[PDB]
Amino acid sequence: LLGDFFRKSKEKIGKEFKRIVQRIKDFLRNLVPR
Amino acid sequence: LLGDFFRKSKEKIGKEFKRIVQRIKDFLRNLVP
Ligand SMILES: CCCCCCCCCCCCOP(=O)([O-])OCC[N+](C)(C)C
Ligand SMILES: CCCCCCCCCCCCOP(=O)([O-])OCC[N+](C)(C)C
């Protein structure tokens with residue numbers, strides 16, 4: 001998303017975002033189980 | 001962004017973003033003094 005620059009920063013951001021998303025998903029599957 | 005949840009994660013994202021932006025600004029200032 002910035003060519004080859006800011007690899008470690010882009011990784012960190014990516015990880016934190018994936019975790020917010022994953023945690024929200026878990027909350028939703030507690031809220032509305034199948 | 002998400003109320004009071006994910007305080008640490010949002011702080012992390014914000015910081016890394018501010019650092020990317022700072023480096024971009026530095027490069028641009030060197031490119032065009
Ligand atoms: C078009 C205007 C925007 C240009 C973006 C600024 C690019 C200049 C960044 C220069 C310093 C920050 O490099 P970085 O991310 O620590 O690199 C990681 C290691 N490499 C340098 C080998 C890739
Ligand atoms: C519809 C989508 C809603 C998603 C909301 C899911 C929230 C998930 C909560 C877990 C994520 C982290 O929060 P926490 O470390 O427990 O907060 C600690 C600080 N307070 C208690 C004051 C807030």
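All values below were derived from every heavy atom in this structure, side-chain atoms included, with hydrogens, water molecules and symmetry-related copies excluded. One-based numbering, in listed order, for ligands and for the atoms of each. Just so it is clear: chains get the letters A, B, ... in the order the sequence lines come, proteins before strands, and each one is counted from 1.
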Worksheet item: Which atoms from ligand 2 have a heavy atom of B/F5 less than 4.0 Å away?
Response: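 Near B/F5, meaning under 4.0 Å from one of its heavy atoms, ligand 2 has 7 (C), 9 (C), 13 (O).
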
Distance flag for [atom], protein heavy atom under 4.0 Å:
| atom | value |
| --- | --- |
| atom 20 (N) of ligand 1 | no |
| atom 23 (C) of ligand 1 | yes |
| atom 15 (O) of ligand 1 | yes |
| atom 7 (C) of ligand 2 | yes |

Item to complete: Answer yes when B/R19 and B/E16 have at least one side-chain N-carboxylate O distance shorter than 4.0 Å, and no when they do not.
Response: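 Looking at B/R19 and B/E16, the cut-off is met.
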
Could you grab the distance from atom [atom1] of [X] to atom [atom2] of [Y], nearest 0.5 Å is fine?
| X | Y | atom1 | atom2 | answer |
| --- | --- | --- | --- | --- |
| A/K25 | A/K18 | NZ | NZ | 12.5 Å |
| B/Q22 | B/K15 | CD | NZ | 15.5 Å |
| B/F6 | A/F17 | CZ | CZ | 11.0 Å |

What protein heavy atom lies closest to [atom]? Include the residue and the distance to one decimal.
| atom | value |
| --- | --- |
| atom 12 (C) of ligand 1 | B/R23 CD, 3.9 Å |
| atom 5 (C) of ligand 1 | B/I24 CG1, 4.1 Å |
| atom 2 (C) of ligand 1 | B/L28 CD2, 3.9 Å |

Applying a strict under-4.5 Å side-chain criterion to I, L, V, M, F, W and Y, I'd like to know whether [X] and [Y] cluster together.
| X | Y | result |
| --- | --- | --- |
| A/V32 | A/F27 | yes |
| B/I24 | B/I13 | yes |
| A/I20 | A/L1 | no |

Discussion item. Under a 4.0 angstrom heavy-atom cut-off, which atoms of ligand 1 come close to A/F6?
Written reply: 14 (P), 15 (O), 17 (O)

